[PDB]
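# Tertiary structure, described
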Amino acid sequence: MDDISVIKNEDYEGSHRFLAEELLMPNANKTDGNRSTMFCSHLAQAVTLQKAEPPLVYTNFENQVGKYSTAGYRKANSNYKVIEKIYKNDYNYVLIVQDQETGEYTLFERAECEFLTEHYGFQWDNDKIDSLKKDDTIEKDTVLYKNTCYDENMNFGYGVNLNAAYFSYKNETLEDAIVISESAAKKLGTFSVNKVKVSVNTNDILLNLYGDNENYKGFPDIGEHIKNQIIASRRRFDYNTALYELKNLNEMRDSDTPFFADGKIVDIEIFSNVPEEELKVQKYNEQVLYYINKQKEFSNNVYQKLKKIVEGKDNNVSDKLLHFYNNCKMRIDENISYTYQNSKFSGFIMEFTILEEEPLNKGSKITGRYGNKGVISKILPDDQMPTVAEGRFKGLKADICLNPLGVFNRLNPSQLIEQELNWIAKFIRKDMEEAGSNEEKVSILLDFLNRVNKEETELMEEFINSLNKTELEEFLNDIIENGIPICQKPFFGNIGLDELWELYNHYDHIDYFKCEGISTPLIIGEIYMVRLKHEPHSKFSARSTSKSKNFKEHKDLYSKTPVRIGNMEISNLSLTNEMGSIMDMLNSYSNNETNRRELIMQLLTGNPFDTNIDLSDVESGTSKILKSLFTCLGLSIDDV
Amino acid sequence: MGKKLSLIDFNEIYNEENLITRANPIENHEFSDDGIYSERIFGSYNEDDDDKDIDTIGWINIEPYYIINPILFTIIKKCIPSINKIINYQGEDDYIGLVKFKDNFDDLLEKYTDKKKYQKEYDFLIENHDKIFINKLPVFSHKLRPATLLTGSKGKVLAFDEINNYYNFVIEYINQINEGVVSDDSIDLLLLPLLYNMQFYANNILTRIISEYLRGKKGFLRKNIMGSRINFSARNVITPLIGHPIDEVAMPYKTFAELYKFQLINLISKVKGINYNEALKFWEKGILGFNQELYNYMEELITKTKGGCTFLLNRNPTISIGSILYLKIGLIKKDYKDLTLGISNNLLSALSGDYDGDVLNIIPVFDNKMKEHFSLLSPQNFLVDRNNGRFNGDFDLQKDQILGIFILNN
């Protein structure tokens, strides 16, 4: 509506009720709406980080976001007791438990990775569930497995804190470009999990890519990483009766279908529609047989253990346990014909689950909570980055360097406030470390926090007075070395121009850092940084003459989708006023098959370092078909 | 459908050698040499031995009888709405029949027409009177119309498009008519309906070829005008490059390998004395991961090739001068993960693109002659603004660059 007089600030004062995703953004009143909406987009585009940290400057709603976003953690919902543990793989296993109140029998599943979509996934901290053994009670709110986002006390982190300085690094930090320390890039690490299906029919066999002559292994094992980005390759045969192609195991050909991924496979699920005796005779199936047997061994194992509970009259089983039991029973049961896409399939279909630690690489996009964007232009050694010299903070190196030009134009001032607060906090930490008793340290801490956030100061006084002297010393050391928590609420409770002004006036010793080779003094302060989903790999295309969807089906390493030339492109090329060469490129590259063959042949038969191509003048195949059909139509072109 | 274009006199171009007067689809368990699928006149799978192209066109003979030209049928239908009724055999003359229609056509055209409505069509009929009736109807090559073999319960059966059915039906009808000498003595009056069905089938053949143009002949050709799919093409994200000339760029390991694959295979075959297939195996191994040996072959190509290794970089929409640029591959990246093209900041303003994740198309140019002609699109030539003749600020110093010179001088 036009009327905004209805909005009265006194009504919404002290409440963040009007904020949603921006509850994760400090000093949101100071950031523009455009930057805020970009931040909201980035949070969904954010990728999981192995070494995620709770933000140094926090809004205090982050833990709630971790709590109510259930995809990252598994919490027991009742008191349980561990009946038994069954293993399918070293990495994948199931735990059967009984409700201590209902008596219902339920199960919990353990796996290394969680697959979300495409390549996106994350590894699990499975410490607690792995600790559990038979006849061990699971308390009501225990967390069996957690994501890397959550910590020991279930604090939530979507990014890492990196020391940042606004500096013009050899023009590498141009526009939204960033230079990162190699150690810092190690901190910003993601996982990639892929579920890849290879379908081998009766006439297809898998080449011995991972095996010797004595032992035939055509695909990686559960504990082995993929080599050369090839899981397996299938050769289709016209008739598998001869079995003469035993000698062909090592070689590869273009006709063979190759399946591409990199990482450690962690689970194999095989769906077989072939009788066991038919499979056993051939040695080339040996590896497959093992996993098939293993699956059956797992399934049978659950069936024997749970048959009394499920098929007993009481049937105090959860629906999950019932369906798991039924599926395993179907697997062991004969006359089980597996159908994929509503059709019965020959041979077997294998699903590999592959987990890879994907590191930060050039072209990756990283951001802060304030809508800024950055692309990693260069990763440089720690020594090459700005390092302050001849101070109490001597040898401190900046993890990331950001563009100073245009910072105010972005209309997201809050990133600077985060930097200033962590930088001033460094001085407070050194002041605590340098001198005093524990009481002096808490006094300095409480004064600084009183300057920043009164609520944090009050709660910290309570928390500190609660602590024992040993615990107090440990907490103080944690603050000195790891960092200091500072609370900057989104709208109500953040500091401003006047408060930072007072902070700078009181702390006269705090002044810019003098770096080693830099004339201009610099400020180095920690900023919270997040890793975005975009990487160059998504849009890479490269094509050489002989969508296909093979790449989506993992049959091609990279997309070979052709680029399109149109009338606009032809006009811009026609600027040269040499139309014949443009037509030659079009015919040699696309339209004319004869000229295309000539180009390929000449490129491979001519001198490597001197290439001159002569193309024959011939009507294209499309033109020939057009003339033939038109003459049948009864109309003929007169070169009008 | 309706187009104004030159007509062809079929009789002059008709060739008796490629005449399909045999209607049998198969003869004695073999493809008929006189059949529609004839290896002798149309060609076969071994097309290189045949030396006969898709352009090979068969013929069918209706002599001694004439049919209405299928392309010209619609204009006659507008002139004579009763054409469909009149041709069938079952004013002064009504529904006489096709053969009778030919004799009285000139009078009939004047008899049943509105001059104001169809004068242009009537004038066209006067102009192309000789082409109204056709003695021979063409049939296009069997290679275009495939007949796939399938196994059948009674016996193996050949699946083929309806166009083949239309052709074989037409030949089947005509073949019996010419044979009969003493049957025809008085049968000639009911022989006329047989010719009528032939005319309708030929019309559907004409309509099907019109649909054939829609089914990836004219649709594919006009789609090519919409977008010609060029091989030796690439798409890549752009990242800033420092320390190298403006025209020179840095290309990822994967990007160079595919585009210059055949050039790369040539060197490996020459250096290691191996077969082209074996050299491909070396290239396939290199694609998987960074190996110094394939990098060495790639480095030698960029270093030693005449004119350098050059390409065209376009940012779409290609609406401005400098949208497509002729550039040189200065360096090949040694990081397999790095998949970003390295470009000078000065080029960006001409392209009008941004380092925001936008992708630019890479089309390499190989021929030294083509390299020279496209060198007119190089950044160096575009230093001069074409409207003014002055230096172009698009290639001038940018934000970070200006500040350093300013601190130096001011």
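Structure: see above.
### A closer look at the overall build of chain B
The number of helices and strands found in chain B is 18 helices and 15 strands. Over its C-alpha trace chain B gives a radius of gyration of 33 Å, far above what one expects of a compact globule, namely 22 Å for 410 residues. Dimensions of chain B along its principal axes, counting C-alpha atoms only, are 110 × 60 × 35 Å. In chain B, buried positions account for 48% of the 410 residues. A total accessible area of about 20,900 Å² is found for chain B, and carbon and sulfur atoms account for 52% of it.

### What to know about the sheet that holds strand 10 (residues 160-166) of chain A
Residue and element names in this part refer to chain A. On the basis of which strands lie adjacent, the closed barrel formed by six strands has the order 10-20-11-19-18-22 and mixed pairing. When strand polarity is set aside, the average angle formed by the axes of neighbouring strands in this sheet is 45°. Pairing geometry for strand 11 (residues 177-181) and strand 19 (residues 373-380), over five bridges, is parallel. Its bridge partner lying in strand 19, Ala177 is registered against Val375. Contacting strand 10 and strand 22 (524-531), helix 8 (residues 414-434) runs over the sheet at an angle of about 130° to strand 22.

### Things to note about the pairing of strand 8 (residues 157-160) of chain B
If a strand is regular, its side chains alternate between the two faces of the sheet. All names here are of chain B. As judged from the four bridges shared by strand 7 (residues 147-150) and strand 8, these two strands associate in the antiparallel manner. Bridge assignment links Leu149 to a residue of strand 8, and that residue is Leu158. Counting the residues between successive antiparallel strands, the hairpin from strand 7 to strand 8 contains six residues.

### Describing the sheet that holds strand 15 (residues 257-260) of chain A
All names here are of chain A. Strand order in the open sheet formed by three strands is 13-14-15, with antiparallel pairing between adjacent strands. The strands lining the two open edges of the sheet, one partner per strand, are strand 13 (204-206) and strand 15. Taken pair by pair, the neighbouring strands of this sheet meet at an average axis angle of 25°, ignoring direction. Judged from the three bridges that link them, strand 13 and strand 14 (residues 230-236) form a sheet pairing that is antiparallel. Bridge pairing in strand 14 links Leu206 to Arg234.

### Quick word on the pattern of salt bridges
Taken as a whole, this structure holds 43 salt bridges over all chains when the rule is applied. For the salt bridge of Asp33(B) with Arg40(B), the shortest nitrogen-to-oxygen distance reads 3.8 Å.

### So, the interface of chain B and chain A
Taken together, the contact between chain B and chain A spans 96 residues of the former and 85 residues of the latter. Summing both partners gives a buried area of about 8,800 Å² for chain B against chain A, and 62% of it is carried by carbon and sulfur. For the chain B face of the interface with chain A, the top three residues by lost area are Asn231(B), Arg235(B) and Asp400(B), together amounting to 9%. Linking chain B with chain A are five salt bridges.

### Thoughts on helix 8 (residues 162-179) of chain B
Taking 1.5 Å per residue as the helical rise, helix 8 of chain B with its 18 residues ought to reach 26 Å, and the 27 Å between its terminal C-alpha atoms agrees with that figure. All buried positions along helix 8 of chain B are accounted for by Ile163(B), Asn164(B), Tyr166(B), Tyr167(B), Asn168(B), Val170(B), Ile171(B), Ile174(B) and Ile177(B). The inward-facing, buried residues of helix 8 of chain B abut helix 16 (621-633) of chain A together with strand 3 (58-61), strand 6 (136-139), strand 8 and helix 10 (192-214) of chain B.

### Side note on a positive patch on the surface
A grouping of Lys539(A), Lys547(A), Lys549(A), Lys552(A), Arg564(A), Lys223(B) and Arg229(B) is seen on the molecular surface, where their side chains present a positively charged patch. With respect to the helices and strands, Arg229(B) occurs in strand 9 (residues 228-230). Classification of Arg229(B) as partly exposed rests on a relative accessible area of 42%.

### What to know about the side chain of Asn61(B)
Looking at where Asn61(B) falls in the secondary structure, it is placed in strand 3. Excluding residues within four positions of it along the chain, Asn61(B) makes contact with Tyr14(B), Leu19(B), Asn135(B), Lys136(B) and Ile174(B).

### A look at a negative patch on the surface
Negative charge collects at one region of the surface, where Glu471(A), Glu473(A), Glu474(A) and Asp478(A) lie side by side. Within the secondary structure, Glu474(A) sits in helix 11 (residues 469-481).

### Looking at the nonpolar core
Generally speaking, a soluble globular protein has its nonpolar side chains buried in company with each other. Ranked by size, the top nonpolar core spans 76 residues in total, and within it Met585(A), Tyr589(A), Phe256(B), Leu313(B), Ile343(B) and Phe374(B) carry the most contacts. Not counting residues up to four positions away in its chain, the partners in contact with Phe256(B) are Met251(B), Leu264(B), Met298(B), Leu301(B), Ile302(B), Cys309(B), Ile329(B) and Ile332(B). If you look at the next biggest cluster of nonpolar residues, it comprises 59 residues, including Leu629(A), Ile76(B), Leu108(B) and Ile132(B).

How each quantity is defined
Residues numbered from 1 in each chain as written, not as in the entry; some residues may be left out. Chains lettered and ligands numbered in written order. Part of a larger assembly, values for the part shown. Heavy atoms only, no water. Helix = DSSP H or I, 4+ residues; strand = E, 2+ residues; numbered from the N terminus. Rg over C-alpha atoms; globule rule 2.2 N^0.38 Å. Buried < 20%, exposed > 50% of the residue type's maximum accessible area, 1.4 Å probe, protein only. Areas by Shrake-Rupley, 256 points an atom, 1.4 Å probe, with all protein chains shown as cover. Pairing = 2+ DSSP bridges. Axes fitted to C-alpha atoms, helices over the stretch in contact; angles between N-to-C directions. Contact = heavy atoms within 4.5 Å. Salt bridge = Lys/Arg side-chain N within 4 Å of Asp/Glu carboxyl O. Buried area = accessible area lost by both parts, 1.4 Å probe. Expected span 1.5 Å × (residues − 1). Patch = residues over 30% accessible without salt bridge, like charges linked within 9 Å, V, L, I, M, F, W, Y side chains within 5 Å. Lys, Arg positive; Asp, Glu negative; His and termini not counted. Charge placed at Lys NZ, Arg CZ, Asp CG, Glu CD. Core = buried A, V, L, I, M, F, W, Y, C linked by side-chain atoms within 4.5 Å.

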